[PDB]
Amino acid sequence: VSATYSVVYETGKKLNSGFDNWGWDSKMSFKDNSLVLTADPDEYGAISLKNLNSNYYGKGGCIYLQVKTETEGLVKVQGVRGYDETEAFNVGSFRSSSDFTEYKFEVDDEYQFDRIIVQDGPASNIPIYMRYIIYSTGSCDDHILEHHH
């Protein structure tokens with residue numbers, strides 16, 4: 001099968017149909033035409049974006065998103081088949097940027113997963129602004145947003 005995409009969030013004030021936030025120690029809000037993670041004061045807080053459309057996003061693949069923030073942190077997966085759902089696996093990091101920066105993270109082929117985690121490493125209580133959160137079953141080498149127009 002060719003690459004299949006799950007578009008979790010583009011812009012606006014809601015997640016797309018069939019996605020929910022199962023994160024912790026944080027508040028997810030919608031401001032500045034983005035999805036915003038603000039970890040609670042002094043907490044290693046996260047959003048965890050659960051796919052309710054299928055039992056999994058897929059096995060391996062690529063996670064793409066854009067981030068704008070003054071803090072930094074980690075992107076992970078959880079709900080991995082074969083594991084306790086609480087166990088999380090790091091797939092990449094994001095850093096501070098004045099405007100939206102694109103990231104692509106390869107998901108190990110060993111991981112068939114149902115949740116995308118974004119987490120504030122410094123426990124900073126600083127907003128992390130996100131757009132265009134998209135999962136592809138294909139490789140990151142084969143993904144580009146310009147082809148999503």
# chains A, B, ... in the order shown; residues from 1 in each chain; ligands from 1
>>> select_by_dssp(residues="stretch 16-147 of chain A", states="strand (DSSP E)", output="number ranges by chain")
A: 19-21, 26-31, 34-39, 46-51, 58-69, 73-78, 89-94, 97-113, 115-120, 128-136
>>> residues_around(residues="residue A:44", least_positions_apart="5", cutoff="8 Å", atoms="only C-alpha atoms", output="ChimeraX atom specification")
/A:25,39,119-123
>>> closest_residue(among="A:50, A:76, A:149, A:131", to="residue A:20", atoms="only C-alpha atoms")
A:50
>>> residues_around(residues="residue A:2", least_positions_apart="6", cutoff="10 Å", atoms="only C-alpha atoms", output="number ranges by chain")
A: 136-138
>>> write_last_selection(atoms="N, CA and C atoms", output="PDB file, in the first residue's frame")
ATOM      1  N   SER A 136       1.979   9.785   8.666  1.00  0.00           N
ATOM      2  CA  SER A 136       2.034   9.045   7.414  1.00  0.00           C
ATOM      3  C   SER A 136       2.520   7.630   7.686  1.00  0.00           C
ATOM      4  N   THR A 137       1.902   6.647   7.029  1.00  0.00           N
ATOM      5  CA  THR A 137       2.414   5.283   7.089  1.00  0.00           C
ATOM      6  C   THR A 137       3.725   5.134   6.323  1.00  0.00           C
ATOM      7  N   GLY A 138       4.027   6.111   5.471  1.00  0.00           N
ATOM      8  CA  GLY A 138       5.232   6.071   4.634  1.00  0.00           C
ATOM      9  C   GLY A 138       6.463   6.592   5.365  1.00  0.00           C
TER      10      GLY A 138
END
>>> closest_residue(among="A:81, A:104, A:27, A:147", to="residue A:47", atoms="only C-alpha atoms")
A:27
>>> closest_residue(among="A:24, A:96, A:13, A:3", to="residue A:43", atoms="only C-alpha atoms")
A:24
>>> closest_residue(among="A:53, A:88, A:100, A:7", to="residue A:129", atoms="only C-alpha atoms")
A:100
>>> closest_residue(among="A:106, A:10, A:87, A:114", to="residue A:66", atoms="only C-alpha atoms")
A:10
>>> atom_distance(atom1="atom CA of residue A:71", atom2="atom CA of residue A:45")
12.5 Å
>>> atom_distance(atom1="atom CA of residue A:82", atom2="atom CA of residue A:135")
20.7 Å
>>> closest_residue(among="A:26, A:134, A:77, A:145", to="residue A:5", atoms="only C-alpha atoms")
A:134
>>> residues_around(residues="residue A:15", least_positions_apart="5", cutoff="10 Å", atoms="only C-alpha atoms", output="MDAnalysis selection string")
chainID A and resid 7:10 20:21 30 35 49 133
>>> atom_distance(atom1="atom CA of residue A:54", atom2="atom CA of residue A:68")
29.0 Å
